[PDB]
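Structural overview
Next come the chains, spelled out residue by residue.
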Amino acid sequence: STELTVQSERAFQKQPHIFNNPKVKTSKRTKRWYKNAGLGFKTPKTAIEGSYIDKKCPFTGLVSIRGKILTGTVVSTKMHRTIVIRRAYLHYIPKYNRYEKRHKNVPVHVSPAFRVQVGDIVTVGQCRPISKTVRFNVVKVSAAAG
Amino acid sequence: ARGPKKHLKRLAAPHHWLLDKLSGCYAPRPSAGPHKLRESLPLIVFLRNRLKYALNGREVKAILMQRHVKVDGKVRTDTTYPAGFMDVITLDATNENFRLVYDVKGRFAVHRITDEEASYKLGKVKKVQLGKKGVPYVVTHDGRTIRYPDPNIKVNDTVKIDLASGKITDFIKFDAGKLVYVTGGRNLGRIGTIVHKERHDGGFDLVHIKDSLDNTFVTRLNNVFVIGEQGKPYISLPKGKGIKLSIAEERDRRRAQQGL
Amino acid sequence: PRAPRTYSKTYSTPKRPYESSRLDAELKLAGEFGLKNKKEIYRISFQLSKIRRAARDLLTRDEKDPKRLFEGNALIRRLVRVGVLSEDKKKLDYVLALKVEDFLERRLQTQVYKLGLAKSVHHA
Amino acid sequence: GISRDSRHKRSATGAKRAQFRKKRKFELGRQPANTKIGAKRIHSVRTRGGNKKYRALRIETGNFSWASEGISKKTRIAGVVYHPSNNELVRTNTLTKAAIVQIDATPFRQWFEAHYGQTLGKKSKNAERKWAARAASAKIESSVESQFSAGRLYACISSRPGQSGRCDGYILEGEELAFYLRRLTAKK
RNA sequence: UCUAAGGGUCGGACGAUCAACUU
RNA sequence: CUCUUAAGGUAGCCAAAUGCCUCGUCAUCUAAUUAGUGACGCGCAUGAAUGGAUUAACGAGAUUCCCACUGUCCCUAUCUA
RNA sequence: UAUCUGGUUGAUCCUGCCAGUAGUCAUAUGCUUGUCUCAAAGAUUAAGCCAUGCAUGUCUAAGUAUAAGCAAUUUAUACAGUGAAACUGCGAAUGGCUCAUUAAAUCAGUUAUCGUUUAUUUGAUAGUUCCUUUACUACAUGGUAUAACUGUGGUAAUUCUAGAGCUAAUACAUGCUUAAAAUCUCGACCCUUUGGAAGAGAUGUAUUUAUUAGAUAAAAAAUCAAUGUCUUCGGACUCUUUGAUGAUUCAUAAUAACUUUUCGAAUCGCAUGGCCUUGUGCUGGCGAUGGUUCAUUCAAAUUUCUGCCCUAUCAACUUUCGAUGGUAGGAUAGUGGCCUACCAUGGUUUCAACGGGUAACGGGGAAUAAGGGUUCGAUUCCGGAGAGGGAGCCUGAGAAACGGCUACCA
RNA sequence: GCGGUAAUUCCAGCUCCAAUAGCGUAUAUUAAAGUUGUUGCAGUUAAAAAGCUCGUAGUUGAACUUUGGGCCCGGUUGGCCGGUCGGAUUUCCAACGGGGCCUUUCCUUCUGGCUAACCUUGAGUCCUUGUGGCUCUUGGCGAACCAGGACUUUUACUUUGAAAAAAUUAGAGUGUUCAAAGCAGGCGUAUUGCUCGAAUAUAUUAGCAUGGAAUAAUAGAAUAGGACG
RNA sequence: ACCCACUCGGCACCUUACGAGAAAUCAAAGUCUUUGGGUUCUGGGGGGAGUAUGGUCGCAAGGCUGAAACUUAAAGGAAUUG
RNA sequence: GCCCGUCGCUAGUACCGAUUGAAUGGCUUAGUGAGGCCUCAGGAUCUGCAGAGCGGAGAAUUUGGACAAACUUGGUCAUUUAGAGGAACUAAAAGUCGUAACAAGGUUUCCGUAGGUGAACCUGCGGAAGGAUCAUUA
């Protein structure tokens, strides 16, 4: 969808335990915390130079990516900070010795360090259930057409 | 099921203990201890079924009540005690000394040793970790923990405990060309070198192995146990040297050896 | 809940029960070898069909296939140690040409009366 | 009794699952503690493993951190102003995490006037060597210095007193403070 | 006894101001 | 098979407001039913724009049953102008 | 071990079926029946009901002995053997039975817990506990309150129990001990410096909170805030600490606070020795049980991905009351709409959802045998669920227990 | 389909037949059944091509882009001798694949860590008139693989492997007396111990790691916003 | 325009049949047990029955979808002689 | 020869069918609401630090919330199930009516559609050949 204006919500969304002592003067306005998630996944600039919060982003957040890493195409970009990915695949029947087309949809969380849409073939990784369906978080994203 | 389990069924025990299907519903269900039960060995298994010294667990219990046994030089009286790899077992009423290790067929082996070499052992470092008060510590595969280690030690290496004082001494790192025992899978019991490590960040890095016969095979890393330098094990090895003959070589050796 | 006791049966019936030639030959061997009923014949044929199954299984494979080599040699030396087979037919093809009368000659019932001591299979 | 399970819940496809097993204690839930403000009333609780939880109910004397000064005091808890989840919590002056309040100022006052030797928005040559050394770090934000005149200071919670039994938090500073200040003049 | 939501007017993402009834 | 009509009542519908016999027969609703309904039909004397059959909806139209309600009643009493 | 045959016709060739055949670890039944070995067995219908009886209790040298028990036999006037009963501790949550439920529910295989608790085992681990710090505070050791027992008794009746009177603990509840060290605050004063300083106090662990470190990807300069060592008093600063993971706010340490303050041994059996300043002085072994935290084990819960039979005369479902998601909180051991406020309108589907049916627990596996398949799998192993049905619940590490309790129904 | 008076089928008797301590019956199921058909049915007339056409999903979907040549490497079978006291290796021989080079032919690249190998050579010698031969650091090899940055278009398929509970299945060895079975057991001095064992395979579909790069798809650079530098 | 010749695509025809088929017959009904170019639909003994019920569409007739119990050893196809 | 439908007797299968037909089980609204859990309270009874106060141990009872058994009524689906009367089918050996079809079956046959008729069926419109014509360039 978009990115908010950070403190749009009733509560001061911030990075916990990240203190920026106003007695100390500085050219930076906020101590930003971020990280690499590893597996060679490249942390984007936007995490580090941005002001968005998204605790559930693997960058600048408190989830920890580990487990499986999937890829898939994007089909729904509606909800706030979460999407749905379609995983197409095949299923082998020995009786006829053939395949057929099956698929499964994967609701995931997405960071507002990415900015995505339909298409946009995805890298996504397992992240310790988030809300009731969402077990996966975006890690990297591809372009579609150009 | 409302709690843990106090009873095991035969036909579920590890295949390498070599129990008959008959003679019971139930097997010892090894106690909690250093070693995980499927990777371990009970004392009753060691004595009754392998060394034949006793005939019933009744007698075996009587033996332990006599305190004839120690483990790592420590008297231990439990029937179901989970012994396992690199332990020490010694008996003084017969002055026999053993060391627990698998066959090339992955079965815990009758490997007798001297009174010395029941004076030391090995321990694979499963991890190092910074215990509180700033104090570091190390752990093993046999559940032991150690304070104040050699800083150069890191994970997956091995170490020479003394036995009884703890007291780590000279050790060996994980690095190429070293000598290794296998602790899992089809390759369990085998021996060979390190020839290459295959890294895979995310899980289950692999190690290629070459035996003395240039037979080559790969395993997971958690089933590794470095044991010394090539042509220089730090201990006394069992028969066969974890070298994995074929079935043809097996029967050939059997028929040729047997006779005269 | 103990270990189940393995078991099996040692024979198999025919598909076609009323066949003149089959009945006649079975009875011929019965009279020849001093037998009790068809179960024994069927049992020999059952073992034989097992063996020929194994034979086809091995011989499907390449020669030099270690499985076929090991198992064929072991099977062969078994069959010869029991003596059903001659000393020089020691190949996976001749075993297929093998038949039940070869098994039957190595019956104790036979070898006794063969080596005197009975004067009749029935006496034996 | 209560459950936290997701089997009572419908499915992703709006579907309705069956009663697969009866309720189990390892999925239990417990009813809350609408912690009010009063005498120290705390009921201890057996949790799983025999580990203990501590349900506060009526509190004063909260332990609050001052970040810039890096200290931590114990404060006569005053009252409640704002809560994002429900305004009822302010209406009842009921305490949770994220449960903004006012508190006494005098301990922080006397700490400041003790350490820096100064006053709050109005000899012993060793003590003088201390005060002069602490000088020029003895400045603060004007806005936070304001409430000192009033004697009642704004703070937030970091605890779950329905779990810990403790009511602990920290005085506001920075731009979070400015946010909730905009909220103060907006709501009150 | 309270809470929220629902307008106008004037000044440049807002600021000021006035009045309403309705859920 | 006959007499006989201009034609000989077809489609359809019923003891229906049209049927003597009649409280018609059968079933149902009832403890009990000349009631009502549904079926039957040689229908005294049904029947096709003298309109036949059905028909949602509407009816200060006629009728039966049910639920609730109640001095209609068992069974009367009391109070006010 | 790849096999067929009889029936339509007056006869012939096909299609197509009926019947015949063989097997069935798949049941019943009939007839018959000598032996050897081995051995399934109230699943099918009634997760229908049940008489009687049985199925979980437990002690070592080593927790509690005045049995007004026993034996007698021997150092013991505190006991010292054995040992009922009782207290205490542990277990009784395993095991065994059954398959009714359940249709991506379970279950199989494959992950993950940097998102969780963990009795027990094993290995590690605790010098700090009090007090304005000379007229102190049991440390050779501090306190009651109970059974068991005695006797008084009730009830038609149960493993019901009421009063009174004794008495222990590794029960219950209290409460001391201990080295120096440096580090921090506080400070009398003195003497002005470039400032030095007695002496007052704090500094185990746990809990909760805030903050900081937790480096490191390559090599050199200037400044300032402070504040450390060396001064060859102009000054330099040279050796200069850094853990692991693919990855963290991890490990851990530190500062300032917090706590109806967690722990830091008032316990038990064997032995019995050495040291004098001869007190019954001081030292002193073996092991048994406890205990904080960590690790390990035992597990446990959640959890990734793929996989379920029939049904379209089931095509839209989902959101009252979470239906999908977000933010915050609460609860959980813990993530999570798990629940609550508030907000958004999303979420699934002809690749078959939803609904229905299942005479459905899943699986490993069984039967049939050219092959590919089909059919089956209550059942000797794993996993799950249940204990007449529903719900709730105490204890404990662990149960929504049922050979445990409460309520409702039959 | 037998029976309506001389029943080859009924009732028995006689005789005879298959199996045999087992045999039959009923029901369910499997093969038979190529009568459910992926392998592997049929569709003019025997059942069955929609009245016809369009059409989304689905299924499928033309060809084409390094081929050829040359060099070396060293194997495992099969021969030709067999040296040898039935198994043995070198040459002679092919066959069969396998690996690495050159032919205009990434080897993902750095930043260093590491160098082993020499273009080295700084001194000459053991020793055949000397490049036969090796210790020996000072200019001068990357790959021999550590580890951080950057990507590599990605899938599908396939090979191999690991990881994969046991029991059951196949299956190895063994006189339970054979056999089902079991995992034993067998050898001396059987008065004073010796020892082998208790295999192996199958274990899929999903997931993981590797090799392969045909086949079938996908991407690129065309408003060059292209590339390398 | 008519004639010859040639080629595309049409309606069909004639002869043989290699081949196919149960046979009639067929240049497709062939290129099929030596069983695979792609793809949709339909059928599984006969009857009951295209009936019942449900749904839907239709003004209505009627259409589309589409059973069951029950019953039965034949029914049927091509072709030969009578 | 074969064969068709109505009618008729008998048996049976299922269908419609007034009867607000009956019955079992779920799921449920609404209502009622047990039970313990936590919670505001309470304070029989014991007690710390002449009596003082504060301060504990504390049962019965009690406020409130959640869980929620169970119950009432209605709805509701899923499965059985009664019913006058009606209307089909099937079957029977030795019934009534006729003779529609197979031959040019004696009106060639059949399909769809509409009407009518005791019955098979007749007729109308439009098709097919599965016909009783592979055929009239002469």
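The paragraphs below set out a description of the structure included in this document. (Residues numbered from 1 in each chain as written, not as in the entry; some residues may be left out. Chains lettered and ligands numbered in written order. Part of a larger assembly, values for the part shown. Heavy atoms only, no water.)

Helices and strands together make up the secondary structure of chain D, namely six helices and eight strands. Whereas a compact globule of 188 residues would reach a radius of gyration of roughly 16 Å, chain D reaches 22 Å, over 25% beyond that. With the C-alpha coordinates of chain D rotated into their principal frame, the extents come out at 80 × 40 × 30 Å. Taking all 188 residues of chain D together, the buried fraction comes to 37%. Per element, the accessible surface of chain D, about 11800 Å² overall, is 49% carbon and sulfur. (Helix = DSSP H or I, 4+ residues; strand = E, 2+ residues; numbered from the N terminus. Rg over C-alpha atoms; globule rule 2.2 N^0.38 Å. Buried < 20%, exposed > 50% of the residue type's maximum accessible area, 1.4 Å probe, protein only. Areas by Shrake-Rupley, 256 points an atom, 1.4 Å probe, with all protein chains shown as cover.)

The next thing to look at is the pattern of salt bridges. With the rule as written, the count across this model stands at 30 salt bridges over all chains. A salt bridge links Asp65 of chain C to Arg61 of chain C; its shortest N-O distance comes to 2.8 Å. By relative accessible area, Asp65 of chain C is classed as buried at 10%. The class for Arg61 of chain C is partly exposed, based on a relative accessible area of 30%. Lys89 of chain C is the salt-bridge partner of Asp88 of chain C, the closest N and O atoms lying 3.9 Å from each other. Residue classification places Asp88 of chain C among the partly exposed positions, given a relative accessible area of 44%. Sharing partners across several salt bridges, the network here consists of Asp72, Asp87, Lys121, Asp142 and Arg144 of chain B. (Salt bridge = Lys/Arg side-chain N within 4 Å of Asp/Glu carboxyl O.)

On to the sheet that holds strand β4 (residues 71–75) of chain D. All names here are of chain D. The sheet built from six strands is open, its strands ordered β4-β3-β8-β7-β6-β5 with mixed pairing. In the strand order of this sheet, the two ends are held by β4 and β5 (77–80), each with one partner. With strand direction ignored, the average angle separating the axes of adjacent strands in the sheet is 40 degrees. Here four bridges tie strand β6 (residues 101–104) to strand β7 (residues 152–157), and the two strands are oriented antiparallel to one another. By the bridge assignment for β7, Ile103 is matched with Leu153. Packed on one face of the sheet, helix α2 (residues 106–115) meets β3 (62–66), β4, β6 and β7 and runs near 140 degrees to β4. Across the face of the sheet, helix α4 (residues 142–150) comes into contact with β3 and β7 while running at roughly 120 degrees to β7. (Pairing = 2+ DSSP bridges. Axes fitted to C-alpha atoms, helices over the stretch in contact; angles between N-to-C directions. Contact = heavy atoms within 4.5 Å.)

Now for a positive patch on the surface. A surface patch of like charges, here positive, comprises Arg4, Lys25, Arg30, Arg46, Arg48, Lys52, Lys53, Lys97 and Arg160 of chain D. Structurally, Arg4 of chain D is set in the segment before β1 (41–46). (Patch = residues over 30% accessible without salt bridge, like charges linked within 9 Å, V, L, I, M, F, W, Y side chains within 5 Å. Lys, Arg positive; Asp, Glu negative; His and termini not counted. Charge placed at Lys NZ, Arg CZ, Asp CG, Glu CD.)

Right, let's talk about unusual backbone geometry for a bit. The phi dihedral of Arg81 of chain A is positive, around 60 degrees, even though this residue is not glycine. Backbone geometry at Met86 of chain B places phi at a positive 70 degrees, although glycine is not the residue there. Within the secondary structure, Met86 of chain B sits in the loop between β3 (69–70) and β4 (90–91).

Moving on, we get to α4 of chain D. Residues and elements named next belong to chain D. Those residues of α4 not exposed but buried are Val144, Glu145, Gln147 and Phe148. End-on, the buried residues of α4 take up no more than an arc of 155 degrees, which puts them together on one face. Among the exposed residues of α4, those pointing more than 90 degrees away from its buried face are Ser142, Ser149 and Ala150. Against β3, α2, β7 and α6 (174–187) lie the buried residues of α4. Residue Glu141 occupies the N-cap position of α4, its side-chain oxygen lying 2.7 Å from the main-chain nitrogen of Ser143. (Arc of directions from axis to C-beta. Polar contact = N/O pair within 3.5 Å; in protein donor to acceptor, adjacent residues only side chain to side chain.)

Okay, empty space enclosed by the protein next. Put simply, the largest cavity is a space of about 180 Å³. Lining of the largest cavity is provided by 15 residues; of these, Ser1, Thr2, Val110, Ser111 and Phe114 of chain A occupy positions nearest its centre. Here the lining of the largest cavity is composed, by residue class, of six nonpolar, six polar and three charged. Empty space within the second largest cavity amounts to approximately 70 Å³. Taken together, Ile51, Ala54, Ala55, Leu58, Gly72, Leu75, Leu92 and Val95 of chain C form the lining of the second largest cavity. Listed by contribution, the elements that provide at least two residues to the lining of the second largest cavity are α2 (38–60) and α3 (66–82) of chain C. In terms of residue count, α2 of chain C provides more of the lining of the second largest cavity than any other element does, four residues in total. Looking at the lining of the second largest cavity residue by residue, the classes come out as seven nonpolar, one polar and no charged. (1 Å grid on protein atoms, 1.4 Å probe; cavity = no way out; pocket = protein on both sides within 12 Å on 5 of 7 lines; lining within 4 Å. Points joined across faces, edges and corners; volume = space filled by probe spheres on them. Nonpolar A, V, L, I, M, F, W, Y, C, P; charged D, E, K, R; others polar.)

So, about the interface of chain A and chain D. Each partner contributes to the interface: chain A provides 11 residues, whereas chain D provides 21 residues. Taking both partners together, chain A and chain D bury about 1200 Å²; carbon and sulfur atoms supply 53% of that area. Summed over the three residues of chain A that lose the most area to chain D, namely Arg10, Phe12 and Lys23 of chain A, the buried surface amounts to 53% of that side. Residue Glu176 of chain D pairs with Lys14 of chain A through a salt bridge whose shortest N-O separation is 2.3 Å. At the junction of chain A with chain D, the criterion picks out seven residue pairs in polar contact. Residues of the side of chain A that touches chain D, tallied by class, amount to four nonpolar, two polar and five charged. (Buried area = accessible area lost by both parts, 1.4 Å probe.)

By number of contacts, the leading pair among the three pairs of chains in contact is chains A and D. In this assembly chain A lies apart from chain C, the nearest approach of their C-alpha atoms being 22 Å. The smallest C-alpha distance separating chain C from chain D is 27 Å, and no contact links them.

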